[PDB]
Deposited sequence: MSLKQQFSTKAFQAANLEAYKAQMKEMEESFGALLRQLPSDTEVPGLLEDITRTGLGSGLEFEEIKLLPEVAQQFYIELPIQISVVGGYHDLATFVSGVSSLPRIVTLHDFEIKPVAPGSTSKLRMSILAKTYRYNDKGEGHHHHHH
């Protein structure tokens, strides 16, 4: 994750306590924007609509346990779909550009039969203020 990339590079910072404070302010601001905003049912709706519009079949949508940070909470959603190569791609971009706070993460893929179909499982995350 971004936060992990910054922590990892912390040794490189000219001023370590200032870098730690900039990381914290970044998260706090993120937390404050989420609080400002009115999503999960609507996100689920948007994701399924995106995938159906792309010609995919859904299999499961797993809501995983929330993971709290100090200022925001992640809600991971594991999405399994199946369809053709291009359709998987239009699903991926449709979802990453939704009018939602949603990020995409690791995926795994496997053929339906050892072209056309591929099965994709992808991790998405949405967020709320802590």
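Q: List the gaps, meaning deposited-sequence segments with no CA coordinates, ordered along the sequence.
A: Sequence ranges with no C-alpha atoms are 1, 40-42, 119-120, 137-147.
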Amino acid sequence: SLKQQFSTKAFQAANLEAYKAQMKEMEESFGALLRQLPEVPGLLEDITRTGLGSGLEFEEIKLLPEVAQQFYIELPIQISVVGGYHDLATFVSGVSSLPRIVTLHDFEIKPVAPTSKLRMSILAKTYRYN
From here on, numbers count along this sequence of modelled residues.
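Q: Going by the B-factors listed in the PDB entry, is the mean over the C-alpha atoms higher for 63-71 or for 48-56?
A: Averaging CA B-factors over each stretch, the winner is 63-71.
Q: Highest Cα B-factor in the deposition, which of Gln36, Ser80, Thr90, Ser97?
A: In this record, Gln36 carries the highest C-alpha B-factor of the candidates.
Q: Please say which third, lowest, middle or highest, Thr126 falls into when its CA temperature factor is compared across its chain.
A: CA B-factor rank for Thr126: lowest third.
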